[PDB]
Amino acid sequence: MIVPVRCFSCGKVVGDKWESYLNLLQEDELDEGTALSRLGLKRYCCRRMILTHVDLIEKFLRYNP
Amino acid sequence: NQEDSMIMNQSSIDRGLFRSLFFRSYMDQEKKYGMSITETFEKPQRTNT
Amino acid sequence: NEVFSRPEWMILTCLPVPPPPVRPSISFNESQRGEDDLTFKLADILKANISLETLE
Amino acid sequence: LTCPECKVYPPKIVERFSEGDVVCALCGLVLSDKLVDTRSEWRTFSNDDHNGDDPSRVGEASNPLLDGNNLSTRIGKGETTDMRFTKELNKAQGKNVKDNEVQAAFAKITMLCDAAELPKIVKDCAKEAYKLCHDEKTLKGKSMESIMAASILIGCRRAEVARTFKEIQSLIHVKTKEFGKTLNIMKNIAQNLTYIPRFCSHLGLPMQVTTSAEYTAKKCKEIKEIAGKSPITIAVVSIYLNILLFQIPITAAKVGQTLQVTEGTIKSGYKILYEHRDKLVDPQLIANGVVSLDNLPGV
Amino acid sequence: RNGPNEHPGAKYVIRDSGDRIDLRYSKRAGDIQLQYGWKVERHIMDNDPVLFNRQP
Amino acid sequence: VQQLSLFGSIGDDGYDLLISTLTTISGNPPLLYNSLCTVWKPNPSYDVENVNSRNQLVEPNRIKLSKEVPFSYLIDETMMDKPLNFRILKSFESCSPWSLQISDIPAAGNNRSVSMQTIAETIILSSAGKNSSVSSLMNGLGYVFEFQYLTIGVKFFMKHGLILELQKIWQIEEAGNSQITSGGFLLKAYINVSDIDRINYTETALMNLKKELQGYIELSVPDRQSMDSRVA
Amino acid sequence: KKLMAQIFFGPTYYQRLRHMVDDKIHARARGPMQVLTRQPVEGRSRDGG
RNA sequence: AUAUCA
Ligand SMILES: [Mg+2]
Ligand SMILES: [Zn+2]
Ligand SMILES: [Zn+2]
């Protein structure tokens, strides 16, 4: 839930890259592997951060108060 | 990491690896013991309690 | 054994009553009070006794 | 307890339960070492063990306030049991058994509360009112089904559970003047707002109507617009005013039916209140459909 | 002097008299002057022998 | 510092005999001395929690300031020209140096052969600045003047550091000084100890003095609670 | 310095389980006693022995 | 009393 700032393994900021990744997929139709790489996420530790994220926050927002 | 133990990247732990939230819930009733005796919600004073 | 165990002593005529330590009571909140199962079982023995005494 | 070394009048002492000690907070002298867990100790009397496997479970809780101190087990079937000896030892308990049987009048109160939808705190007050007045010479020879019908309104009038006397007249039984005198000799030893929730529910009105009727009725009394009419009538009348003011209306016949009042009587209170309808309503009431203060029936 | 909170510290002082001094609360936990024969209930320290066991 | 002591008393009439006895027993005649003590307590107007930075309980206590005064400040005109010796007692910019002391209630223990009190002391030598009066300085520490008393007496130096004081105490107030010791003298025997040995040795010295005066004047251990300056 | 061995390295899905040391750790040295037997009470919960 | 832990 909610994109991790910084990759656990090396600590490369990954907090900014979320919307940008989600955009390179809808708007650019691009496959996951290219979008990640476009965003400069080269090490698999960094790749796994975005590639395997589950943004549960968006469901959480669906409840009123 | 011998005999089923493991080593964790303390650096990763700081970055949020495996952290979790924890919520415990405590309950309490204000019970009524018959015609007169009733428990009360209040801050007890140490002289009369 | 003539001193410590005559056969006449197997049949109960008098009943040793154990003290509270063996059957503790607890006084909760004036409308709640807990007695030990033995204290219950004793009271039945007594009630049954008092009854049979009156009958004889 | 008071520290033998210090002795200050407010004896400031702590129960360090975790180390199982009772300490004097001032000098630090330990005043006691044997210390017992009362929660877990109470778990031995009132547990969840109904099967019989717990070795900790060794006693049972009783109620010295209601049934005095009558310790008594019951001969019943166990795992290895012949159905013969149970009968004999039970037929033998029959010869040893009057007032130890009038406790089945608690079963009359319990079956009346559950038929009247009454809480667990009301039964225990009705059972304590009945135990302390059923053998009185002040009640002497009152209708025995009307003295327990009076001790239920005595238990409701302390547990804050709104129950009119006509609500208990419907249960059992009640002879009105007979359980009305009995409700006073024991007493020596409702309002508009009470009915509004139920009547409204049966009426099928919205919260908005209920609240306004509730506000009007109180104001009616506050205003003293209805000199001595029964609260039930006042409430039914107020419900009429508010409801008529809103969209979903209810007629006198329908209100009276629910309130168990008569239209004529509701009319009586209603007209008395109507003159001050303006003062009566909640301030942010929204009259709807076509029913403003001017337009209300006025009947 | 170290007391119950510091590591190499102590919890109680047992006088000849038999009564236990709780260093956590005693107003005299500071100015506590020991006497031969008293007992200091001190923390477990490096190199104390202890029984270690794994059940069964 | 650890002060081991024993106390006693005598009425004015017992003076000469006691002086004569202590003079023979110690080998020296008495030495006249005085001291002014001012006691201070935490300002009641200010209030602070009673705990450490480590959140450990701290008990509020009084601070005692003590110094001497030239004898001439204690002799009026009626007192004029009277041998300045032991017999006189019968007819009864910056700050100066002071002794600052905070003491603890004596050590606990049933059947104590002597009183044993811990004393934290430091010395004030001088001051400077805006508010340099000892009074301001005490206030700066967060304390206020509570009370003060004058003590006049004679002392005897004995073996092993044992000291004996025969004293008279007067509380000082504008309303007047009242003699706390009215009637006689407060007798004090003590030794100041900066190892268990020297402590048991010191006890012995005091015990031998008590033993040597048994029958004549009795020296005992005062009540701990009477030697506790904590505020409460 | 390079390791003489080459390590099998890659991501693996690891789970965090309900058993954490701090909810387990327990120590006692004189404490609450039962009423009947006058022996140490039961369980970490009750500060048992 | 069920669930669970090695
Ligand atoms: Mg294992
Ligand atoms: Zn990375
Ligand atoms: Zn105390």
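Per the deposition metadata, cryo-EM was the technique used to determine this entry, at a resolution of 9.70 Å.

Mind showing me how you'd approach the overall build of chain C here?
In terms of regular secondary structure, chain C is built from one helix and two strands. When the elements of chain C are put in sequence order from the N terminus, they spell out β-β-α. Taking 10 Å as the expected radius of gyration for a compact globule of 56 residues, we find that chain C reaches 16 Å, considerably beyond that expectation. Its C-alpha atoms give chain C principal-axis dimensions of about 50 × 30 × 10 Å. The buried share of chain C, reckoned over its 56 residues, is 20%. For chain C, the exposed surface amounts to about 4,600 Å²; the carbon and sulfur share of it is 63%.

Even after reading the chapter, I still don't get the interface of chain D and chain G, so can you show me in this structure?
Accessible area lost when the parts come together is the quantity often used to give the size of an interface. At the interface, 10 residues of chain D touch eight residues of chain G. For the side of chain D that touches chain G, a count of residues per class yields three nonpolar, three polar and four charged.

Just checking my understanding: could you explain the pairing of strand β5 (residues 115-124) of chain F for this structure?
The side chains of a regular strand alternate, residue by residue, between the two faces of the sheet. All names here are of chain F. Bridge count for strand β1 (residues 2-11) against β5 is four bridges, and the pairing is antiparallel. Its bridge partner lying in β5, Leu4 is registered against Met116. As defined by bridge partners, strand β4 (residues 98-103) adjoins β5 across six bridges and the pair is classed as antiparallel. Across the sheet, the residue bridging to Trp98 is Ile124, located in β5.

How do you make sense of unusual backbone geometry when you look at a structure like this?
Most of the time, phi is negative for any residue but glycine, and the peptide bond is trans. Residue D:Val174 is reached from D:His173 by a cis peptide bond, and omega for that bond is 5°. As for its placement among the helices and strands, D:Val174 is situated in the loop between α6 (165-171) and α7 (178-185). Omega for the bond connecting E:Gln55 with E:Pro56 falls within 30 degrees of zero, at 20°, which places this linkage in the cis form. Its place among the elements puts E:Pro56 in the segment after β3 (39-42). One non-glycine residue, A:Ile2, adopts positive backbone phi at about 65°. Turning to its location among the elements, A:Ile2 is positioned in the segment before α1 (17-26).

For this particular structure, what's the right way to read the sheet that holds strand β2 (residues 21-24) of chain D?
As a general point, the strands of a sheet are linked pairwise by backbone hydrogen bonds and lie either parallel or antiparallel. Residues and elements named next belong to chain D. A sheet is described by the order of its strands in space; here three strands give the open sequence β1-β2-β3, paired in antiparallel fashion. Looking at the sheet topology across the chains shown, the edges are occupied by β1 (13-16) and β3 (30-32). Taking each pair of neighbouring strands and ignoring which way they run, the sheet shows an average axis angle of 35°. Summarising the sheet, β1 and β2 pair through four bridges and their orientation is antiparallel. Its bridge partner being in β2, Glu15 is matched across the sheet by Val22.

What should I look at first to understand the arrangement of the chains in this one?
Once contacts are tallied for each of the 11 pairs of chains in contact, the highest total is for chains C and D. There is a gap between chain A and chain C: no contact, and a shortest C-alpha distance of 42 Å. One thing to see here is that chain A and chain E don't touch, and their nearest C-alpha atoms sit 35 Å from each other.

Looking at this structure, how should I read the sheet that holds strand β1 (residues 26-27) of chain C?
With antiparallel pairing, the three strands of this open sheet are ordered in space as β1(C)-β2(C)-β4(D). Looking at which strands have only one partner, the edges of the open sheet turn out to be β1 of chain C together with β4 (59-62) of chain D. In the sheet, strand β2 (residues 33-36) of chain C pairs with β4(D) via four bridges, with the strands oriented antiparallel. In the strand pairing of β4(D), C:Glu35 is matched with D:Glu60. Those strands touched by helix α1 (residues 37-55) of chain C are β2 of chain C together with β4 of chain D, and its axis lies near 70° from that of β2(C).

Would you take a moment to explain the packing of helix α10 (residues 231-245) of chain D against helix α11 (residues 252-259) of chain D for this structure?
Packed helix pairs are characterised by how far apart their axes lie and by the angle those axes make with each other. Residues and elements named next belong to chain D. Two elements in contact, α10 and α11, have axes whose closest approach is 10 Å; the angle formed by their N-to-C orientations is 145°. The handedness of the crossing between α10 and α11 comes out as right-handed. Contacts between α10 and α11 involve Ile232, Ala235, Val236, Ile239 and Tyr240 from the former and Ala252, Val255, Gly256 and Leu259 from the latter. Residues belonging to the contact of α10 with α11 are distributed by class as follows: eight nonpolar, one polar and no charged.

Got a minute to help me understand the pattern of salt bridges in this structure?
Close approach of charged atoms lets side chains of opposite charge pair. A salt bridge links D:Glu222 to D:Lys219; its shortest N-O distance comes to 2.8 Å. One end of the pair is D:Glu222 and the other is D:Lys219, both in helix α9 (residues 207-223) and three residues apart, which spans about a single turn. A salt bridge links E:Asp48 to E:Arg42; its shortest N-O distance comes to 2.6 Å. It is possible to trace a salt-bridge network through shared partners that takes in D:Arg16, D:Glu19, E:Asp22 and E:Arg24.

Help me out: how do you make sense of the interface of chain C and chain D in this one?
Between chain C and chain D, the residue contacts involve 20 residues of the former and 15 residues of the latter. Elements supplying a minimum of two residues to the side of chain C that touches chain D: β2 and α1 of chain C. It is α1(C) that provides the largest number of residues to the side of chain C that touches chain D, a total of nine residues. Looking at the side of chain C that touches chain D residue by residue, the class counts come to six nonpolar, six polar and eight charged.

Is there a simple way to think about the side chain of D:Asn242 in this case?
Residue and element names in this part refer to chain D. Tracing the chain through its elements places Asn242 in helix α10. In terms of polar contacts, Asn242 uses its side chain to reach the side chain of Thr216, at 2.7 Å. Not counting residues up to four positions away in its chain, the partners in contact with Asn242 are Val209, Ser212, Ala213, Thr216, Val281 and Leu285.

About the cut-offs
- Residues numbered from 1 in each chain as written, not as in the entry; some residues may be left out.
- Chains lettered and ligands numbered in written order.
- Part of a larger assembly, values for the part shown.
- Heavy atoms only, no water.
- Residues with missing side-chain atoms left out of burial classes, pairs and counts.
- Helix = DSSP H or I, 4+ residues; strand = E, 2+ residues; numbered from the N terminus.
- Rg over C-alpha atoms; globule rule 2.2 N^0.38 Å.
- Buried < 20%, exposed > 50% of the residue type's maximum accessible area, 1.4 Å probe, protein only.
- Areas by Shrake-Rupley, 256 points an atom, 1.4 Å probe, with all protein chains shown as cover.
- Contact = heavy atoms within 4.5 Å.
- Nonpolar A, V, L, I, M, F, W, Y, C, P; charged D, E, K, R; others polar.
- Pairing = 2+ DSSP bridges.
- Axes fitted to C-alpha atoms, helices over the stretch in contact; angles between N-to-C directions.
- Left-handed = near helix turned anticlockwise from the far one by under 90°.
- Salt bridge = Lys/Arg side-chain N within 4 Å of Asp/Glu carboxyl O.
- Polar contact = N/O pair within 3.5 Å; in protein donor to acceptor, adjacent residues only side chain to side chain.

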